[PDB]
């Protein structure tokens, strides 16, 4: 039987739940009878990614929409869906493509998680909790609730919840200090770049088995670069609620996980509208999408030499922007060093 601290044990049970993966799949209206969890393929997902990029290129230069309809039917044949008696959405426009690309990101992560769960070795004497914990190849420690780390993290959550995101409020249940096997060596080349910031990354619970195993990754090459507002990079927020929205929490499942990462942003390429790129212009290290609302720079503090923008929301002074809140994008996985993992209770305002 396991000796892990009991918060870490609940975390492991949460990350490796197959039923949550099946529920995520049912929430995308995927047909679980024709295409169950065990018949999820990495290469099938990549082929779906290629269909999305074919729709992107077709729409972009005046192809038949005959063509685009055929590609949408091919997509629904490659990934079987259960829509009952409604008509499935058509892949004819940019929003359809973006929805399916986010969906495929989560599908790929689910495949990674199930591949982890059913792989490696199994040892009947050992607690499954211990087996999965060491499958994560991460050091997970509980952060003391009265530390100053915890002070700053609670203040970061408390101060940067946007008013637009009025469907819920957040309660911090546990704060974990994580260390990914190998990540600090990979991050070393970027640890004295200027402008390193502690930023949020939310994702579904089922995805953290992937995120803790392999880190935060960039979409595969088959993924359409126009399926993401600022192209194929790793996306962070400085508003806790903007990232928390990407946990895809629900009333039926109100606990989520969110990441705090040291991001070496360096020279930020400032953008107010979508720009589907895979590389930065020479001399830039990150993209910053400017919101009309920013955390107050007055109130930034430092934690292990990293800036924390835990100020309250004020106007940026940016006028012709299409973003309500900031976004930070990096295009090299080495530019990220994950520091903390947070268990959040979503209290839905009903």
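Numbering follows the first chain given and starts at 1. In this text, rigid core is short for the largest set of C-alphas that superpose within 1.5 Å between two forms.
Between stretches 27-35 and 297-305, the one whose Cα atoms sit farther from the displayed model in 5 other deposited structures of this protein on average is 27-35 (core-aligned, root mean square). Once the structures in 5 other deposited structures of this protein are superposed via the core, the pair 251-259 and 97-105 is resolved in favour of 97-105 as the more displaced stretch (C-alpha RMS).
For the pair 75-83 and 104-112, the mean B factor over Cα atoms is greater in 75-83. Per-stretch averaging of Cα B factors for 144-152 and 245-253 places 144-152 on top. Considering 138, 160, 166, 275 together, the PDB entry gives 166 the largest C-alpha B factor. Taking the PDB entry at face value, the top CA B factor among 67, 41, 56, 286 belongs to 67.
Sorting the modelled residues of the chain by their CA temperature factor places residue 324 in the middle third. Among all modelled residues in this chain, the alpha-carbon of residue 232 has a temperature factor (C-alpha) in the lowest third. Remark: residue 238 belongs to the lowest third of its chain, ranked by C-alpha B-factor as recorded.
When the modelled residues of the chain are ordered by their C-alpha B factor, residue 197 lands in the middle third. In the deposited entry, the Cα temperature factor of residue 90 places it in the highest third of its chain's modelled residues.
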